[PDB]
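Let's start with one chain on its own, the form deposited without ligand UXG, as structure tokens.
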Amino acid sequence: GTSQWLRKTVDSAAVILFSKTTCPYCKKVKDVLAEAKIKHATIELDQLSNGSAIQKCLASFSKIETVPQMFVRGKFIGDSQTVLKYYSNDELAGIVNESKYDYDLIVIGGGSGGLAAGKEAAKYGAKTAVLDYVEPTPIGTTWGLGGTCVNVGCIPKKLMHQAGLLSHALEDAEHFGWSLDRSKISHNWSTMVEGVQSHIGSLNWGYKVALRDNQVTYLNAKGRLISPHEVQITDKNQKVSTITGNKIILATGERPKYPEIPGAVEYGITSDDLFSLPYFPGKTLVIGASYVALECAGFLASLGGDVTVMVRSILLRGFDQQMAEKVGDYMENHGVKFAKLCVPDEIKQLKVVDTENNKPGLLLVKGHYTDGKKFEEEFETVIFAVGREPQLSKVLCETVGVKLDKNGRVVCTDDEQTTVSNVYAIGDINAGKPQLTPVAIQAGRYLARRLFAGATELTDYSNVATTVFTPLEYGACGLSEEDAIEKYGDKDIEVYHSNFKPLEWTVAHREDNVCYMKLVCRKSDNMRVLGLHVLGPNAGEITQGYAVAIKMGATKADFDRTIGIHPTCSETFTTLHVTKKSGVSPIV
């Protein structure tokens, strides 16, 4: 038990010191390592439950049981006297640097998970390389270091969401006594894209500075694992070479899909292209019904665009469908048009994009509805948001032995290990996990600590909260109502719910009964809260704190005995009492 943990820690750590906070020979070794700029992990035995047992297990590697023991890459290096001997004879640098591999860790993919893993590993003395490359889109769009969320995801899409929210703030301001005239104000797309892109550029540069300051080697190159320890790299000049590493982390992410129809690749775009587009999209068709599809359609309409969404079946498949319907109904009342039960058959080009005068082209979209009727209409821009997929055949030679599932994602143990013992996978390519930026970051940092600092904590992937940043936002944590009913039966499920109205909406004359919240609870388990759902402003800020309580097993009685903060939207969760079974209206 203790002995198996110690064996695993010693074999995998790059540089580690076993110590006690109270020993001056420890302190003497720490100071030498600091002065020579040797980073390392440290385990203070006097602050662990069974540190006395660990102290005795170390003798199986060092033949000693005493204070100060330093190891390098699985090898006992010495006690206090021996380390200082190496320091005084200028032998230490070569000892801490000798390795059978070029790197202790190679990270393939420089995004949310990969950068977090690489920076964390280097803090404990692991010699680390991070590889990142951005394959251009069909029209040629490319970007810098940081991954999907930083460049073409959460960061730019929430900034453009905020630009959309400010249109209603302009409207509201007149009712609160400000003298502007909303009807006389317009939006400039390229001015907003320039501000968004300047912030993204400061993030690209910040990550490059962070890697340099942690002594991480950054290679802007495409990586390919050709055997358990060998990574083939190709650079911007198509020069090819090979580097080796002890541990490997796969963190290459996904890219958008295109449907298999004429004209889609040639004449449509995706979210990869939208966030740096040099011209306003104009009259726009969004094909798809994911959160990506609805978030993009929502802010385009708030910025003054003429927007239509083509929905194959339902909105937000996999989310609570009552909440999904309320989200779509709000968008439809505030401008967005919906072509329901409809799919596209072909895109025809009518005008080429005017790259000179900075204007979109013009397209003819032909499709059909699920009963057979026809769809035909012209648009200036067509955006595909019909899902995302990894392309691991680009990354991973089949002979290496890493097992994939039927969707091409990596099959992992609960500690992110693949079917190849030294190879791990994190982020969106880890099969079956929520595909979210904070999950990738936690997985990457927690893994680096297990590999290189002797930690044991695993990532917990259950009950991870979400927020869809549609014009009226939707936050959730836990099960949808229909999933709870399927798992436990309707008779064992109680749902408390209410409409509400933000105080900010009263003077602004906004809608009385559109915001909505509910708690889905299990009767036979002390009214345990299985899922929480809220539609309203600032939904992500509302939901986050409740995720801690749900992690600890909150019940309805816990929400009842907690007192609200007034005046807020969030406080409505503390006084819910209308049940769905009762049939009493939730309006206020």
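In case it trips you up, residue 1 is the first one in the sequence shown, and so on.
There is another form of the same protein, the form solved in complex with ligand UXG; it is not shown, and what comes next is about it.
Colleague: Which pick from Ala324, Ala129, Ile493, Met160 sits with a heavy atom within 4.5 Å of ligand UXG in the entry with it bound?
Modeller: Among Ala324, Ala129, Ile493, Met160, a heavy atom within 4.5 Å of ligand UXG in the entry with it bound occurs only for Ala324.
Colleague: Can you pick the one in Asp329, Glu346, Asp102, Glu174 that has a heavy atom within 4.5 Å of ligand UXG in the entry with it bound?
Modeller: Only one option qualifies, and that one is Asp329.
Colleague: Is ligand UXG close enough to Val10, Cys57 and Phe61 in the entry with it bound that each of the three has a heavy atom within 4.5 Å of it?
Modeller: Contact check failed for every one of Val10, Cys57 and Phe61.
Colleague: Determine whether any heavy atom of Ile485 comes within 4.5 Å of a heavy atom of ligand UXG in the entry with it bound, and answer yes or no.
Modeller: Output for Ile485 is no: heavy atoms all beyond 4.5 Å of ligand UXG.
Colleague: Can any non-hydrogen atom of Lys340 be found within 4.5 angstroms of ligand UXG in the entry with it bound?
Modeller: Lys340: contacts ligand UXG in the entry with it bound.
Colleague: Considering only heavy atoms, tell me if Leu203 and ligand UXG come within 4.5 Å of each other in the entry with it bound.
Modeller: It does not: once ligand UXG is placed as it appears in the entry with it bound, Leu203 has no heavy atom within 4.5 Å of it.
Colleague: Using 4.5 Å between non-hydrogen atoms, is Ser313 touching ligand UXG in the entry with it bound?
Modeller: So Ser313 counts as contacting ligand UXG.
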